[PDB]
Amino acid sequence: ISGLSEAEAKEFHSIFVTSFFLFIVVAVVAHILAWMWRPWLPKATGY
Amino acid sequence: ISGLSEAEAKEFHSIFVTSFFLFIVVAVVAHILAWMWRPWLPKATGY
Amino acid sequence: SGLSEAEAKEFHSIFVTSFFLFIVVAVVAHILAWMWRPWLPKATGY
Amino acid sequence: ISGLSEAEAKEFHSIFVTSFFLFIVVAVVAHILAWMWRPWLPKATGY
Amino acid sequence: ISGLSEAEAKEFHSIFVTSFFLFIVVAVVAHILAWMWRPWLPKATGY
Amino acid sequence: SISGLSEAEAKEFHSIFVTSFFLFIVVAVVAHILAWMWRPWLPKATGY
Amino acid sequence: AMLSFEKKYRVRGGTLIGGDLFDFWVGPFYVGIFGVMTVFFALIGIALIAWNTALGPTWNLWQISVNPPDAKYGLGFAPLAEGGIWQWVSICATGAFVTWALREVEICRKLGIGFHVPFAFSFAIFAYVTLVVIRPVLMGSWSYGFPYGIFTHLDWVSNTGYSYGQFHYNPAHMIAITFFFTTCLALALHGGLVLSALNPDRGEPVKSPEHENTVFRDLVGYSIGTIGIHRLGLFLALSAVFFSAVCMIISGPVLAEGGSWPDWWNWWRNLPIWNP
Amino acid sequence: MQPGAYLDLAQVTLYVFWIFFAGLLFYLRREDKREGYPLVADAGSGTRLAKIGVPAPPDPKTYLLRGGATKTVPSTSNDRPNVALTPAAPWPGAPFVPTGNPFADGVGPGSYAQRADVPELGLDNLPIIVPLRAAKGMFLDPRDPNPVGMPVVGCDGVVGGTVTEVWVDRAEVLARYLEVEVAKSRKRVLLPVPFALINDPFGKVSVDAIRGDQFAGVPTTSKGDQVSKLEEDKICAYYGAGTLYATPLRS
Amino acid sequence: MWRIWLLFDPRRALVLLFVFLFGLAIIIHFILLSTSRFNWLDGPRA
Amino acid sequence: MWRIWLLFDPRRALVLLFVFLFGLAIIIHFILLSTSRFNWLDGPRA
Amino acid sequence: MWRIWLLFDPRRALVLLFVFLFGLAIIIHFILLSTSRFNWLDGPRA
Amino acid sequence: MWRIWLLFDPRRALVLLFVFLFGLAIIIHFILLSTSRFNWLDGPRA
Amino acid sequence: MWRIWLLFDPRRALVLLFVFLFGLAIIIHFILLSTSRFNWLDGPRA
Amino acid sequence: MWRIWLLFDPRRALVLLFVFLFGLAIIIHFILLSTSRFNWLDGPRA
Amino acid sequence: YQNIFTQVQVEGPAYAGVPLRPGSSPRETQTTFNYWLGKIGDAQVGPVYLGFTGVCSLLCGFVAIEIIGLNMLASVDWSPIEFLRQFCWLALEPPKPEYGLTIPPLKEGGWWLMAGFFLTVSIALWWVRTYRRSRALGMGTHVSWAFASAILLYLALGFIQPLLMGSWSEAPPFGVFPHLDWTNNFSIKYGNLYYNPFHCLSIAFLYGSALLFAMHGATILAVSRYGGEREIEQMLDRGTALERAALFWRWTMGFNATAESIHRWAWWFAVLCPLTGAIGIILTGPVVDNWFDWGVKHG
Ligand code: BCL
Ligand code: BCL
Ligand SMILES: CC[C@H]1c2cc3[nH]c4c(c3C)C(=O)[C@H](C(=O)OC)c4c3nc(cc4[nH]c(cc(n2)[C@@H]1C)c(C(C)=O)c4C)[C@@H](C)[C@@H]3CCC(=O)OC/C=C(\C)CCC[C@@H](C)CCC[C@@H](C)CCCC(C)C
Ligand SMILES: CCCCCCCCCCCCO[C@@H]1O[C@H](CO)[C@@H](O[C@H]2O[C@H](CO)[C@@H](O)[C@H](O)[C@H]2O)[C@H](O)[C@H]1O
Ligand SMILES: CCCCCCCCCCCCO[C@@H]1O[C@H](CO)[C@@H](O[C@H]2O[C@H](CO)[C@@H](O)[C@H](O)[C@H]2O)[C@H](O)[C@H]1O
Ligand SMILES: [Fe+3]
């Protein structure tokens, strides 16, 4: 058990999930840009 | 035995199962998509 | 040393029952593996 | 509890954010200057 | 209040900023002189 | 992190330290003047 | 004569064989039956070495060499002037080492202490036996034992190492070297720590095991303690020797003689993770 | 010497090392002689002049202890020179035979040194070997078995007593002695941990050095919550005597 | 309930599971990236 | 869902998460840098 | 019903068994990949 | 967001943050200096 | 600004800063001195 | 500036300063003596 | 029973350690207990005092390690796959012979030179740390002077012999298998290192340190039942344990040490291994260039 009660547990978890989601969405726009620069996943013969 | 009890492991194992199952289902979705990109397991003649 | 006694007996009772199911899933895997490619050829070949 | 107050955390956080932001603006000026010296992200054929 | 007073904090910070700024000025002069000796940042075809 | 006396040694220690540092710097400056008269450094981009 | 405190311990009994016939001391040395046997074997061996040298070209101490039999004799007894002296010196040496370990066992029993020292010596005995008996037998001829010469057994080590490409790439050999270097490190650390506590800085009292624990912590990160250090030292030396013996067993019986230890490592470079 | 000469820097350096190393071996063998000297000449030897050896023992060395005290080695008072032993034969090198009871005499594997009759004080000037009832803050770490309560049994299978308390070393957290309430005389004796198999083979802790009744004769500590170095040697020596002299008729 | 958690504290029997899953995913991605067919970066050789 | 942090110390869990994420980002960036197609410095080869 | 785990602490023995099983599965998979007939990636050579 | 400092002592957090940022900056400068295009000293090759 | 000293020890931060600055200065001087263009002692090679 | 001597121990500051200065002087003299233009013993090469 | 493991392990408070002289800083406060450490030895894992010299030592050492690793990554085109594949074969190679003792280009030994400089500074700072940690507790500095011998061998390998040969190219690379190959090629290039007499002496002292530490560990474990592991107390006040140990070795080989002089034997054997090693390395090339020829000239 960690030295944390229930209240800070949930509110910490809320901050965790929200910042996790902001990180995901900025990573997603990063991937959109990267794909516009160079698409990956070629066909069986190449690009 | 280490320093825990059945108070937590009664449903800690439950949430572990739910998370492991979410992992498995998203993984099989990933495998389906990968198969659509390229199938594996050819036949001795080749692909 | 090790641990207590009833601890040890339940350790065996769970160890063997997991080992058995592991062999079961291994066997069901080898079946369709052989379906894909049969191994163990003859001196002739495959 | 980090052995630290709560409004004191407000203060440290404000100073941390302003430092972080001045850092990022210096870095953005730096990258504009570097791109003007030499661009990256070439075309699939090269530069 | 980990270690220092609050007036000593202001005094140390004042001396620190003055010394840091003097260091930065000396370094800037050194870099102007160094550029006058050898420019860096060549063109993509060399110097 | 106070460590040692205060202006009972710090000021006289600083006086001695500054005068010693200054003697060192002066000797070094003379040494470098003599070294530049012996061999200049900082050549042109093509050498000496 | 005896140490000023020794008389308490020079009691009868504790031998393995012979009863009280050999239960006595000669000066410092306890004799026992195995002491007589050890001196017998050592002296027969030294006299055979001297005779082999008398048959040889030189008396130069560095160039003296008792050479093993030719490979034509395989695992059989060779004539005395064509390698048999090597076999008999080997038998005398293994006899001497074994009876020495047994005499140490007798001394342990007489003093009432554990048998850690004869047990640890048995590891060096085992490494020697691996070198002169186990490995040449597995490889089929006594010609694979090393010659008993101060600088010819170095030539044997050189030729044996270079016959497998570069012997450095022998993995058990790398483990053995790691253990030896760690044993030397730990011996220096332990000796210096005890000498620091016993002989402190000027004006200081003799320090306690607590200071030793503190400084050992500050150096290695944690503490093993006064019994842990001696355990770790015994283990490090014994595992160094054991992995040397393994190293030698796997090169020639397992990896072919003209093999390559550098090339054996390609199994890692050729894994499908990164090979193609 | 010169490039063509037979003498060269490598072998000169080697001979310098040989000289240094002979000197170092002499110095080390000399340091080795700080205890146990002069030698005690045996039967048929003139005892007028001392026997020392070719590196003579050095001058006595003086160590400074914490409380300003001072210890000079060799520790000649620890020797116990004259003991209850008689030569098994008149010739030199003959072993000795214990005239009395080697458990009480302290001879052979049962010998001890005349150590100082005072406990080790460690660092805070307190005895380091203390019962757990006297070292608050420490605990047996139930990860391992607990010796207390287990009745201790001899080597011939006779129960000797019951384990009452575990004595531990402070600042080196380690169990050194088990206190044993002897069978039926209401007496507590120490038992060194290395001389005991505290594993609960069947139900108990077993000591194979002495037999069950001999636990009455273990030398008892004068205080109750501290043990001196002298009592430490006496107890470990009483238990070591059994390695040669007990053999409790287990044939 | 499953008492493998009782033998194995989840505070350590879950970080090891995760380091192992990460190692496995890395190994599989490396294998695929080393093949010529399943490479998705500079994909097909020859 | 949220019950995790009752078992994992955030002072340590978050540090391990950040070290792991930085390491993964470095690994992926280096893999791209080693390819000929996705190299954004010096661009393609040959 | 067999009860004998008193010499090997089941945690250490079990973790070593699992790492062995994983290593073994890895070895077998890599051997199969190394072959030409049983290579489910990149297919059969030549 | 300020609550990040309620469990991370700013001393350790900030010192390891500085160490990590400097390490990343060093790594990026080294990578650029290894390439021939972004080598601001010695210029491009050939 | 000035409050960065209410939590950081000046005696510690200042000596670490001086060590860091000297190490960075040494590294930069060495890198310049290894290049042929910015060598100020036997300046250009070849 | 004398206030620095309230922060630094003059004794250890002075020993560090001396060791540092001697090391720097040794480094610079070695660098100059290894080059050709500034080798004052035997002078330039060739 | 024998003392290879502890049957019953007691556990108590964490020890802060001996208070230091008024010349250090407050140490760490980790002080955790590992069970297996206490199984083989003591269990505490702190608190590690890390002062100025320790922190600068770690900083310089990690600068050197970063340089080495970034060079090994660059030499493989930054591929982490190829880095894991080729790791034991990668190395930051020493400068080229054409550069002598100058500062070569970064990709031709400049990076090697900088990593070697920073590793040497790290090692000297760690030596200073050992010295201060001993003399801040009032102890002797025997550990520091044992460390100085390893440092002398390391300097001879990387600095002194390359100096006397006039080329940084003589020095080892920073890599596992490549530095093994350097060792091999060093023996091959300079005759045969088996005929270097100081190499023979270094091997004698390494074998002797292994032998001696086996002997000493086995001896202390054999008399641990009599309190033999408390070596300082057995030296200050000789007990029956050290008497039995001395008598074992005196009856075995005719001579014995004391509780303190055995550790002088240990210290000196372990120290003479790298001392004779450093001498034999400094002699190899500046003085003798073919060791087999020298051996033939003598024997
Ligand atoms: C172009 C090259 C020129 C040259 C150009 C210059 C220039 C320019 C300068 C010098 C300066 C110096 N030169 Mg010059 N110098 C040359 C040739 C030499 C030669 C020689 C043998 O040829 C020597 C001995 C010197 C020596 C010196 C010093 C007097 C001085 C360095 C100051 C210093 O070291 O701070 C060290 C200060 C201390 C206080 C250190 C104190 C000692 C400490 C305590 C040592 C710690 C312990 C130590 C590590 C123990 C060692 C034990 C070992 C194991 C043996 N030069 C050549 C001819 N030289 C500098 C100067 O004059 O500064 C004032 C300077 O600016
Ligand atoms: C083909 C190979 C050659 C050979 C070539 C060499 C060469 C070359 C050398 C040796 C050396 C030695 N050889 Mg050899 N050696 C051969 C055969 C043998 C055989 C055998 C059974 O055949 C044995 C037992 C040995 C044994 C030995 C040792 C006695 C000796 C090493 C001393 C030591 O402890 O170094 C261990 C100590 C060090 C290496 C220095 C300590 C390092 C520093 C202090 C620690 C820094 C750690 C650092 C901070 C960690 C981070 C760093 C970064 C990760 C990079 N060699 C054959 C003939 N050998 C060395 C020697 O001294 O001989 C004269 C040596 O230079
Ligand atoms: C008597 C000679 C023997 C000896 C003695 C010796 N070594 C010593 C000491 C002594 C007396 C110390 O006091 C000192 C120490 O702190 O020991 C715990 C040390 C030491 N000897 C060490 C290593 C070492 N000693 C070696 C050898 C030997 N040391 C000799 C055989 C070797 C070999 C054989 O190669 C190595 C690798 C360190 C553990 C330590 C010195 C630490 C140091 O200088 O740190 C500098 C800091 C850095 C470089 C930053 C990063 C630190 C980490 C990389 C440390 C990793 C340690 C270790 C796991 C490295 C192993 C090799 C790597 C390539 C994996
Ligand atoms: C009362 C005491 C009576 C003592 C009786 C003596 C018993 C005989 C002692 C065993 C001797 C065997 O002697 C030797 O044994 C080996 C081991 O197989 C034989 O066998 C060996 O043959 C050849 C060489 O000859 C080797 O290459 C081969 O690998 C091995 O099989 C040898 O050819 C034989 O010479
Ligand atoms: C830190 C350890 C102790 C400090 C350093 C110890 C050594 C200090 C003195 C070093 C003296 C310089 O030593 C001297 O070096 C020069 C060049 O470097 C060598 O000079 C020569 O070396 C070889 C000779 O074939 C060639 O590369 C070249 O012809 C020339 O450089 C000398 O042969 C050597 O005697
Ligand atoms: Fe010891």
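The deposited coordinates derive from cryo-EM, with the record listing a resolution of 2.65 Å.

Enquirer: An account of the overall build of chain I is needed here, citing residue identities and associated values.
Expert: When you go through chain I residue by residue, the secondary structure sums to three helices and zero strands. Secondary structure elements in chain I, listed N-terminal to C-terminal, are α-α-α. Seen through its C-alpha atoms, chain I measures out along the principal axes to roughly 55 × 15 × 10 Å. As presented, chain I carries roughly 2,500 Å² of accessible surface, and 73% of it is formed by carbon and sulfur atoms.

Enquirer: So what's going on with the overall build of chain G? Which residues, and what values?
Expert: Along the backbone of chain G there are nine helices and two strands. Starting at the N terminus and walking to the C terminus, you meet the elements of chain G as β-β-α-α-α-α-α-α-α-α-α. Here chain G has a C-alpha radius of gyration of 24 Å; the compact-globule value for 276 residues is 19 Å, and the former is much larger. Along the first, second and third principal axes, the C-alpha set of chain G runs to 65 × 65 × 35 Å. Per-residue burial for chain G yields a buried fraction of 55% across its 276 residues. Of the contacts formed within chain G by residues at least 6 apart in sequence, a portion of 62% connects residues at least 24 apart. As presented, chain G carries roughly 11,100 Å² of accessible surface, and 72% of it is formed by carbon and sulfur atoms. Charged side chains in chain G number 14 positive and 15 negative. The centres of these two groups are separated by 8 Å.

Enquirer: I'd like to hear about the coordination of the magnesium atom of ligand 2, residue by residue, with values.
Expert: Put simply, the ideal angle at a metal is 109.5 degrees for four donors in tetrahedral geometry and 90 or 180 degrees for six donors in octahedral geometry. Of the protein atoms, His199(O) (NE2) alone serves as a donor to the magnesium atom of ligand 2, at 2.7 Å. Here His199(O) lies in helix α7 (residues 197–222).

Enquirer: Hey, could you go over the domain arrangement of chain G for me, with residue numbers and the actual values?
Expert: All names here are of chain G. As far as domains go, chain G holds domain 1 (1–163) and domain 2 (164–265). Look at where the C-alpha atoms of domain 1 and domain 2 centre, and you get two points 26 Å apart. With 17 residues of domain 1 at the interface, the matching set in domain 2 holds 17 residues. For the pair domain 1 and domain 2, the summed buried area comes to about 1,400 Å², and 74% of that belongs to carbon and sulfur atoms. Sorting the residues of domain 1 by area buried against domain 2 places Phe123, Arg135 and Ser163 first, and these three jointly supply 35% of that buried surface. Linking domain 1 to domain 2 there are zero salt bridges. Here domain 1 is connected to domain 2 by seven residue pairs in polar contact.

Enquirer: Quick one: what's the story with the UniProt feature "transmembrane region" in chain G, residue by residue and with numbers?
Expert: Residue and element names in this part refer to chain G. UniProt records the feature "transmembrane region" at residues 29–51, 83–105, 112–134, 172–194 and 232–254, using the numbering of this structure. As annotated, residues 112–134 comprises 83% helix and 0% strand, and the C-alpha atoms at either end are separated by 34 Å. In residues 232–254, the share of helix is 83% and the share of strand is 0%. The end C-alpha atoms are 31 Å apart.

Enquirer: How would you explain the sheet that holds strand β5 (residues 129–131) of chain H if you had to name every residue and give the values?
Expert: All names here are of chain H. Pairing within the open sheet is antiparallel, and its four strands lie in the order β5-β7-β8-β9. At either end of the open sheet lies a strand with only one pairing partner, and these are β5 and β9 (188–192). Taking each pair of neighbouring strands and ignoring which way they run, the sheet shows an average axis angle of 35°. Pairing geometry for strand β7 (residues 161–169) and strand β8 (residues 174–182), over eight bridges, is antiparallel.

Enquirer: Go over the site of ligand 5, please, and point to the residues and values.
Expert: All names here are of chain O. As a structural note, the neighbourhood of ligand 5 is formed by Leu101, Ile160, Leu163, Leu164, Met165 and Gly166. Take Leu163: an N or O atom from its main chain is 3.1 Å from an oxygen atom of ligand 5. A distance of 2.7 Å separates an oxygen atom of ligand 5 from a polar atom in the backbone of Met165. If ligand 5 stood free it would expose 750 Å²; the protein chains cover 32% of that surface. By residue class, the composition of the shell around ligand 5 is five nonpolar, one polar and no charged.

Enquirer: Tell me about the UniProt feature "domain: Antenna complex alpha/beta subunit" (unreviewed entry) in chain I, residues and numbers included.
Expert: Within this structure's numbering, the places UniProt gives as "domain: Antenna complex alpha/beta subunit" (unreviewed entry) are residues 1–41 of chain I. Span residues 1–41 of chain I is 68% helix and 0% strand, its end C-alpha atoms 45 Å apart.

Enquirer: Any chance you could break down the interface of chain O and chain G for me, citing the residues and the numbers?
Expert: Accessible area lost on assembly of the parts is the figure often given for the size of an interface. Every contact between the two is made by 94 residues of chain O and, on the other side, 91 residues of chain G. Carbon and sulfur atoms supply 68% of the area that chain O and chain G bury against each other, a total of about 8,400 Å² over both sides. Between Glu243(O) and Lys8(G) there is a salt bridge, and its shortest N-O distance comes to 3.7 Å. Our count for the chain O to chain G interface comes out at 34 residue pairs in polar contact. Of the residues that constitute the side of chain O that touches chain G, the class distribution is 49 nonpolar, 27 polar and 18 charged.

Enquirer: Any chance you could break down the interface of chain K and chain C for me, citing the residues and the numbers?
Expert: Every contact between the two is made by 16 residues of chain K and, on the other side, 16 residues of chain C. Of the roughly 1,700 Å² buried between chain K and chain C on both sides combined, carbon and sulfur atoms contribute 72%. In terms of surface lost to chain C, no three residues of chain K exceed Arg3(K), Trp5(K) and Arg37(K), which account for 40% of the buried area on that side. Counting the contacts that link chain K with chain C gives zero salt bridges. Counting every contact that joins chain K to chain C gives six residue pairs in polar contact. Looking at the side of chain K that touches chain C residue by residue, the classes come out as 13 nonpolar, one polar and two charged.

Enquirer: Which residues make up the arrangement of the chains, and what are the values?
Expert: The chain pair with the greatest number of contacts, out of 38 pairs of chains in contact, is formed by chains G and O. Across the gap from chain D to chain I, with no contact made, the nearest C-alpha atoms are 11 Å apart. Note that chain F does not reach chain I: the shortest distance linking a C-alpha of one to a C-alpha of the other is 39 Å.

Enquirer: Give me unusual backbone geometry: which residues, what numbers.
Expert: Cis geometry is found at the peptide bond from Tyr37(H) to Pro38(H), where omega equals 0°. Along the chain, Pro38(H) turns up in the loop between α1 (9–31) and β1 (61–64). Residue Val73(H) is joined to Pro74(H) through a cis peptide bond whose omega torsion reads 5°. At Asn125(H), a residue that is not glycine, the phi angle is positive and equals roughly 60°. With respect to the helices and strands, the residue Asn125(H) is situated in the loop between α2 (102–105) and β5. Even without a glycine there, the phi angle at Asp42(I) is positive, about 60°.

Enquirer: Can you break down the nonpolar core residue by residue, with the values?
Expert: Ranked by internal contacts, the top residues of the largest apolar core, which has 139 residues, are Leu191(H) and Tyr239(H). Those residues in contact with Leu191(H) that lie beyond four places of it in its chain are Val152(H), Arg176(H), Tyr177(H), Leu178(H), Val180(H), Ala196(H), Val207(H) and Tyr239(H).

Enquirer: Could you give an account of the site of ligand 4, naming the residues involved and the relevant values?
Expert: Residue and element names in this part refer to chain G. Near ligand 4 the following residues occur: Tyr73, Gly74, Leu75, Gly76 and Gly140. At a separation of 3.0 Å, an oxygen atom of ligand 4 approaches a polar backbone atom of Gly140. Taken together, the residues that form the shell around ligand 4 break down as two nonpolar, three polar and no charged.

Enquirer: Tell me about the UniProt feature "transmembrane region" (unreviewed entry) in chain I, and name the residues and values.
Expert: Following the UniProt record, the feature "transmembrane region" (unreviewed entry) maps to residues 12–32 of chain I here. Between the end C-alpha atoms of residues 12–32 of chain I there is a gap of 30 Å, over a span that is 95% helix and 0% strand.

Enquirer: An account of the side chain of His173(G) is needed here, citing residue identities and associated values.
Expert: All names here are of chain G. Relative to the assigned elements, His173 resides in helix α5 (residues 171–198). Its relative accessible area of 17% is what places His173 among the buried residues. Excluding residues that lie within four positions of it along the chain, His173 makes contacts with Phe167, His168 and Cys247.

So, how was this worked out
- These residue numbers run from 1 along each chain by written sequence and may not equal the entry numbers. Residues without coordinates are not shown.
- Chains carry letters from A onward and ligands carry numbers from 1 onward, assigned in written order.
- Any value you read here covers just the chains shown, which are one part of a larger assembly.
- Water and hydrogen atoms play no part in the side-chain values, which are based on all heavy atoms of the structure.
- Runs of H or I in DSSP of at least four residues are treated as helices and runs of E of at least two as strands, each being numbered from the N terminus.
- The Shrake-Rupley method, run with a 1.4 Å probe sphere, supplies the accessible areas, and residue values consider only the shown protein chains as cover.
- The quantity called the radius of gyration is restricted to C-alpha atoms. Its globule counterpart is 2.2 Å times the number of residues to the power 0.38.
- Partly exposed describes any residue whose relative accessible area lies between the buried limit of under 20% and the exposed limit of over 50%, with all areas from a 1.4 Å probe on protein chains only and scaled to the type maximum.
- In what follows, a contact means two residues having at least one pair of non-hydrogen atoms within 4.5 Å.
- Counted as positive: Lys and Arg. Counted as negative: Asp and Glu. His and the chain ends are not counted at all.
- Every charge is mapped to an atom, namely NZ of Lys, CZ of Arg, CG of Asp or CD of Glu.
- Here a donor is an N, O or S atom found within 2.8 Å of the metal, or within 3.2 Å if the metal is Na, K or Ca; sites may look incomplete because water is not among the atoms.
- Start and end points for every domain follow an automatic or database-based domain assignment.
- Note: buried area is the sum, over both parts, of the accessible area (probe 1.4 Å) each one loses when the two are combined.
- Each reported salt bridge corresponds to a side-chain nitrogen of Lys or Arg within 4 Å of a carboxyl oxygen of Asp or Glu.
- Pairs of N or O atoms are called polar contacts if they sit within 3.5 Å, as long as, within protein, a hydrogen donor faces a hydrogen acceptor (for residues adjacent in sequence, only side-chain-to-side-chain pairs).
- UniProt positions are given in the numbering used here, feature names are shortened, and annotations may be inferred rather than shown by experiment.
- Pairing between two strands is assigned when DSSP locates at least 2 bridges connecting them.
- Only the contacting stretch of a helix is used when fitting its axis, a line to C-alpha atoms as for every element, and angles between N-to-C directions run 0 to 180 degrees.
- The nearness test applies per residue and asks whether one of its heavy atoms lies within 4 Å of the molecule or strand.
- When residues are sorted by character, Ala, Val, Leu, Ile, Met, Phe, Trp, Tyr, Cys and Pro go into the nonpolar class, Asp, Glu, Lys and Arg into the charged class, and all the rest, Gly among them, into the polar class.
- To qualify as a nonpolar core, a set must consist of buried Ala, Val, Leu, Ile, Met, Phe, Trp, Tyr and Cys residues joined through side-chain atoms within 4.5 Å.

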